[PDB]
Structure formats: structure tokens, C-alpha cells
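Asks: Input: one structure, supplied below.
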Amino acid sequence: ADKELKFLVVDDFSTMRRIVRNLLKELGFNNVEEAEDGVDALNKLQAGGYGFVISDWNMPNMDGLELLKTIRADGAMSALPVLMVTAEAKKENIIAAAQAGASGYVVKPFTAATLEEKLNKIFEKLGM
Ligand SMILES: [Mn+2]
Ligand SMILES: [Xe]
């Protein structure tokens with residue numbers, strides 16, 4: 001995928017945001033920003049330019065499911081790819097997120113390999 005693609009990384013914990021960001025760097029993506037929750041994320045997406053979103057689920061202000069639903073419901077971002085990266089692993093949460101339009105779902109903890117694999121899976125289906 002285009003190495004200038006702009007990513008938005010969302011999680012309420014810096015450690016994870018940091019892992020994701022560094023991982024993206026390895027893959028060749030430097031246009032990367034961070035957000036700490038749904039609200040903070042929506043504001044930046046409103047700033048335009050974003051082409052991909054990686055997000056956590058449990059976060060104050062607006063959690064990841066809500067963010068996802070909001071992004072898919074907005075005519076201006078509805079197809080924005082959204083990859084869930086969360087510790088929630090119950091099948092019931094995966095269903096909800098998936099039904100809600102998630103482009104992918106990764107469970108924490110995860111390896112460098114797993115992430116890249118999922119990202120490419122999403123690129124592959126969107127022809128990116
Ligand atoms: Mn969290
Ligand atoms: Xe994330």
C-alpha cells in the first residue's frame with residue numbers, strides 16, 4: 001500500500017500506541033498520528049487526510065465500538081478502513097465489532113507478524 005498513507009492510532013494507553021507506531025515505521029509508514037479516545041480521534045479525523053484507523057476498544061469518553069459506528073455512519077468517512085486492536089477476545093465482542101463494520105480485528109497481546117498480516121489482509125480486500 002501507498003507508503004504515505006496516513007494512519008491514526010487510537011488507544012488510551014501510550015505503550016500500545018507506541019508499539020503500533022513503531023511497527024508501522026518498520027513496514028514503511030511514517031505518516032502516523034495518535035489519539036487517546038473516540039472523541040480525540042474524531043476531532044483529528046475531522047482535520048482530514050486520514051486513510052486508515054487502528055483502534056482499541058476500551059477507552060473513556062468514547063470507546064472503540066462507538067468510534068467505529070460513528071465512522072461508518074458518517075457519509076464523509078463511512079469506508080475509512082478501521083482495524084480493531086484490543087484485549088477483548090470474547091466472540092460476542094468480535095461479532096458486535098464485525099457487524100458494526102470493522103475492517104479487521106486483532107486481539108492483544110499480538111506479535112509484529114500478526115499485525116502486518118492483518119494490515120495486508122485489509123489492504124488486499126480494499127485493493128490498496
Ligand atoms: Mn484501552
Ligand atoms: Xe490500537
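Ligands are numbered from 1 in the order shown, residues from 1 within each chain, and chains are lettered A, B, ... in the order they appear in the C-alpha cells.
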Can you build me a table of chain A residues sitting at most 7 Å from ligand 1, with the closest atom pair per residue and its distance in Å to one decimal, using only C-alpha atoms and all ligand atoms, sorted by chain and residue number, as a tab-separated table?
Replies:
```
residue	atom	partner	partner_atom_place_in_ligand_line	distance
A:11	CA	ligand 1	1 (Mn)	5.5
A:12	CA	ligand 1	1 (Mn)	5.0
A:13	CA	ligand 1	1 (Mn)	6.1
A:56	CA	ligand 1	1 (Mn)	5.7
A:57	CA	ligand 1	1 (Mn)	6.0
A:58	CA	ligand 1	1 (Mn)	4.2
A:59	CA	ligand 1	1 (Mn)	4.9
```
Asks: For residue 10 of chain A, work out the shell of residues within 7 Å, counting only C-alpha atoms and skipping chain neighbours fewer than 3 positions away, then give it as a ChimeraX atom specification.
Replies: /A:17,34-37,41,54-56
Asks: Each residue of segment 41-97 of chain A with at least one atom at most 6 Å from segment 105-118 of chain A should appear once, together with its nearest atom pair and the corresponding distance in Å (one decimal); atoms considered: only C-alpha atoms; ordering: chain, then increasing residue number; output as JSON lines.
Replies:
```
{"residue": "A:83", "atom": "CA", "partner": "A:105", "partner_atom": "CA", "distance": 5.9}
{"residue": "A:84", "atom": "CA", "partner": "A:105", "partner_atom": "CA", "distance": 4.6}
{"residue": "A:85", "atom": "CA", "partner": "A:106", "partner_atom": "CA", "distance": 4.7}
{"residue": "A:86", "atom": "CA", "partner": "A:107", "partner_atom": "CA", "distance": 5.1}
{"residue": "A:87", "atom": "CA", "partner": "A:108", "partner_atom": "CA", "distance": 4.4}
```
Asks: Taking C-alpha atoms for each residue, export the selection above as a compact mmCIF listing (two decimals), in the first residue's frame.
Replies:
```
# COMPACT_ATOMS: atom_id res chain seq x y z
CA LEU A 83 -8.76 -2.10 12.31
CA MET A 84 -9.62 -3.08 15.89
CA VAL A 85 -6.65 -3.84 18.18
CA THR A 86 -7.99 -4.82 21.57
CA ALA A 87 -7.71 -7.19 24.53
```
Asks: How many Å lie between atom CA of residue 28 of chain A and atom CA of residue 45 of chain A, rounded to one decimal?
Replies: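 Those two atoms sit 21.5 Å apart.
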Asks: For residue 4 of chain A, which residue out of A:47, A:97, A:128, A:68 is the nearest one, using only C-alpha atoms?
Replies: A:128
Asks: Could you write out, as JSON, numbers by chain, all the residues of chain A that DSSP marks as helix (DSSP H, G or I)?
Replies: {"A": [14, 15, 16, 17, 18, 19, 20, 21, 22, 23, 24, 25, 26, 27, 38, 39, 40, 41, 42, 43, 44, 45, 46, 64, 65, 66, 67, 68, 69, 70, 71, 72, 73, 91, 92, 93, 94, 95, 96, 97, 98, 99, 112, 113, 114, 115, 116, 117, 118, 119, 120, 121, 122, 123, 124, 125, 126]}
Asks: May I ask for the distance between atom CA of residue 24 of chain A and atom CA of residue 89 of chain A, given in Å to one decimal place?
Replies: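 Distance reported for this atom pair: 23.1 Å.
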Asks: My list of candidates is A:92, A:82, A:3, A:48. Which is closest to ligand 2 when distances are computed with only C-alpha atoms and all ligand atoms?
Replies: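 That would be A:82, the residue with the smallest distance to ligand 2.
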Asks: May I have the residues within 10 Å of residue 81 of chain A as number ranges by chain, using only C-alpha atoms and disregarding those fewer than 4 positions away in the same chain?
Replies: A: 7, 50-54, 68, 71-72, 77, 101-104, 119, 122-123, 126
Asks: If you run DSSP on the backbone here, which positions in chain A get strand (DSSP E or B)? Please write them as a VMD selection string.
Replies: chain A and resid 7 to 10 32 to 35 52 to 55 82 to 86 104 to 107
Asks: Rounded to one decimal in Å, what is the spacing between atom CA of residue 46 of chain A and atom CA of residue 22 of chain A?
Replies: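 Separating atom CA of residue 46 of chain A from atom CA of residue 22 of chain A is a distance of 24.3 Å.
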Asks: Which residue is closest to ligand 2? Choose from A:69, A:91, A:6, A:21 and count only C-alpha atoms and all ligand atoms.
Replies: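 Checking each candidate against ligand 2, we get A:21 as the closest.
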Asks: Determine the nearest neighbour of residue 49 of chain A from the options A:80, A:19, A:27, A:62, counting only C-alpha atoms.
Replies: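 The closest residue to residue 49 of chain A is A:80.
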Asks: Have a look at A:65, A:70, A:14, A:127 and name the one nearest to residue 98 of chain A; count only C-alpha atoms.
Replies: A:65
